[PDB]
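Heads up, entry-v3.pdb below (PDB, C-alpha atoms):
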```
ATOM      1  CA  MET A   1     -34.907  39.570   6.723
ATOM      2  CA  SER A   2     -38.453  38.767   5.753
ATOM      3  CA  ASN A   3     -38.817  42.299   4.568
ATOM      4  CA  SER A   4     -38.448  42.080   0.841
ATOM      5  CA  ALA A   5     -40.355  40.475  -1.975
ATOM      6  CA  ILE A   6     -39.896  36.787  -1.324
ATOM      7  CA  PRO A   7     -38.740  36.637   2.335
ATOM      8  CA  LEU A   8     -35.274  35.215   3.052
ATOM      9  CA  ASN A   9     -33.774  33.179   5.875
ATOM     10  CA  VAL A  10     -31.891  34.799   8.801
ATOM     11  CA  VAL A  11     -28.424  33.783   9.958
ATOM     12  CA  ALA A  12     -25.871  35.639  12.045
ATOM     13  CA  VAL A  13     -22.115  35.328  11.923
ATOM     14  CA  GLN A  14     -19.523  36.370  14.470
ATOM     15  CA  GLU A  15     -16.812  38.770  13.328
ATOM     16  CA  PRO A  16     -13.295  37.361  13.095
ATOM     17  CA  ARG A  17     -11.936  39.082  16.230
ATOM     18  CA  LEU A  18     -14.333  37.168  18.444
ATOM     19  CA  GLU A  19     -16.283  33.920  18.574
ATOM     20  CA  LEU A  20     -15.308  33.428  21.270
ATOM     21  CA  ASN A  21     -16.961  30.090  21.726
ATOM     22  CA  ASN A  22     -17.481  27.352  19.173
ATOM     23  CA  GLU A  23     -16.507  23.689  19.509
ATOM     24  CA  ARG A  24     -12.664  23.453  19.456
ATOM     25  CA  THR A  25     -11.499  19.937  18.681
ATOM     26  CA  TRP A  26      -7.868  18.860  19.006
ATOM     27  CA  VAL A  27      -6.746  17.100  15.806
ATOM     28  CA  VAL A  28      -3.847  14.584  15.793
ATOM     29  CA  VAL A  29      -2.324  14.424  12.309
ATOM     30  CA  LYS A  30      -1.016  10.926  11.496
ATOM     31  CA  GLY A  31       0.696   9.440   8.462
ATOM     32  CA  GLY A  32       2.553   6.130   8.087
ATOM     33  CA  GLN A  33       6.095   5.772   9.453
ATOM     34  CA  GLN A  34       9.137   5.437   7.196
ATOM     35  CA  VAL A  35       9.153   7.856   4.327
ATOM     36  CA  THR A  36      12.347   7.196   2.284
ATOM     37  CA  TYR A  37      13.901   8.399  -0.968
ATOM     38  CA  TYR A  38      15.805   6.353  -3.573
ATOM     39  CA  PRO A  39      18.004   7.406  -6.446
ATOM     40  CA  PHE A  40      17.487   4.857  -9.296
ATOM     41  CA  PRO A  41      20.360   5.330 -11.773
ATOM     42  CA  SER A  42      19.112   4.512 -15.250
ATOM     43  CA  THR A  43      19.927   1.118 -16.693
ATOM     44  CA  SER A  44      20.792   1.355 -20.404
ATOM     45  CA  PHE A  45      21.295   5.127 -20.798
ATOM     46  CA  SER A  46      22.326   6.216 -24.294
ATOM     47  CA  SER A  47      22.595   9.387 -26.473
ATOM     48  CA  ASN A  48      19.063   9.085 -27.866
ATOM     49  CA  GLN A  49      17.378   7.271 -24.946
ATOM     50  CA  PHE A  50      17.034   7.034 -21.138
ATOM     51  CA  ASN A  51      15.423   4.005 -19.449
TER      52      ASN A  51
ATOM     53  CA  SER B   1      44.219 -12.296 -33.829
ATOM     54  CA  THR B   2      43.012  -8.708 -34.207
ATOM     55  CA  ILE B   3      40.365  -8.940 -31.476
ATOM     56  CA  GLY B   4      41.918  -9.840 -28.049
ATOM     57  CA  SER B   5      40.400  -8.689 -25.746
ATOM     58  CA  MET B   6      36.629  -7.934 -25.309
ATOM     59  CA  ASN B   7      34.160  -6.703 -22.619
ATOM     60  CA  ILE B   8      30.469  -7.548 -22.377
ATOM     61  CA  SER B   9      27.625  -5.882 -20.496
ATOM     62  CA  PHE B  10      23.966  -6.423 -19.885
ATOM     63  CA  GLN B  11      21.346  -4.094 -18.493
ATOM     64  CA  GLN B  12      18.198  -4.996 -16.592
ATOM     65  CA  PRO B  13      16.321  -7.487 -18.811
ATOM     66  CA  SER B  14      12.488  -7.611 -18.818
ATOM     67  CA  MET B  15      10.430 -10.755 -19.288
ATOM     68  CA  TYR B  16       7.205 -10.929 -21.339
ATOM     69  CA  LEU B  17       4.282 -13.204 -20.525
ATOM     70  CA  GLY B  18       0.546 -13.265 -21.306
ATOM     71  CA  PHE B  19      -2.273 -13.924 -18.826
ATOM     72  CA  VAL B  20      -5.616 -14.789 -20.462
ATOM     73  CA  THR B  21      -8.506 -14.785 -17.997
ATOM     74  CA  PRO B  22     -11.428 -16.925 -19.154
ATOM     75  CA  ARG B  23     -15.220 -16.415 -19.531
ATOM     76  CA  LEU B  24     -17.456 -16.685 -16.458
ATOM     77  CA  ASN B  25     -20.030 -19.049 -18.016
ATOM     78  CA  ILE B  26     -17.560 -21.762 -19.124
ATOM     79  CA  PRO B  27     -15.857 -23.220 -16.002
ATOM     80  CA  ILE B  28     -12.282 -24.590 -15.854
ATOM     81  CA  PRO B  29     -11.402 -27.755 -13.876
ATOM     82  CA  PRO B  30     -10.239 -27.591 -10.213
ATOM     83  CA  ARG B  31      -7.372 -30.013 -11.023
ATOM     84  CA  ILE B  32      -5.727 -30.563 -14.425
ATOM     85  CA  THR B  33      -2.835 -32.423 -16.146
ATOM     86  CA  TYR B  34      -0.119 -31.401 -18.624
ATOM     87  CA  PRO B  35       2.422 -33.436 -20.590
ATOM     88  CA  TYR B  36       5.983 -32.617 -19.446
ATOM     89  CA  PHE B  37       9.325 -33.831 -20.784
ATOM     90  CA  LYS B  38      12.606 -33.704 -18.888
ATOM     91  CA  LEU B  39      15.960 -33.732 -20.656
ATOM     92  CA  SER B  40      19.381 -34.878 -19.372
ATOM     93  CA  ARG B  41      22.940 -34.975 -20.722
ATOM     94  CA  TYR B  42      25.895 -37.373 -20.340
ATOM     95  CA  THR B  43      29.334 -36.539 -21.673
ATOM     96  CA  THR B  44      32.479 -38.646 -21.714
ATOM     97  CA  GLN B  45      35.738 -37.401 -23.136
ATOM     98  CA  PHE B  46      37.992 -39.852 -24.920
ATOM     99  CA  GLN B  47      41.621 -39.812 -26.055
ATOM    100  CA  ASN B  48      43.756 -39.592 -28.046
ATOM    101  CA  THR B  49      42.946 -36.826 -30.522
ATOM    102  CA  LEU B  50      42.591 -37.680 -34.222
ATOM    103  CA  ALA B  51      44.011 -35.469 -36.985
TER     104      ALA B  51
END
```
For the structure just supplied, provide its representation as structure tokens.
Amino acid sequence: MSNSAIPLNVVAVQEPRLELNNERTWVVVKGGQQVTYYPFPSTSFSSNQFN
Amino acid sequence: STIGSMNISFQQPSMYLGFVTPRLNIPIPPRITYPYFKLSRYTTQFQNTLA
């Protein structure tokens, strides 16, 4: 690593097929209860407008 | 008459008002007094009709 010109820093990486260890943390996904959809039919529709 | 009869609608009506916040340096009283009038009606029908 420190072979060339200005020396560099070493790091190693495990290939994808194997870690096999790293720290595996269970992650509970949470979002607020009650997601609801409304259909607001336009008041005062026209032929040249929508409101 | 030519007209009889007629049909009237309304759509959602907005209302327009104007909030003016004031300058930090000048302070505005904690309690304050406004002049307010209050109007009432009294009707009394009479007979007979005049023509």
Identify every residue of chain A that has at least one atom within 10 Å of any atom of chain B, counting only C-alpha atoms, and report the result as an MDAnalysis selection string.
-> chainID A and resid 42:45 51
Computed gap from CA of residue 18 in chain B to CA of residue 32 in chain B is 19.6 Å
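Rounded to one decimal, CA of residue 22 in chain B and CA of residue 36 in chain B lie 23.4 Å from each other.
In this model, the gap between CA of residue 14 in chain A and CA of residue 2 in chain A comes to 21.0 Å.
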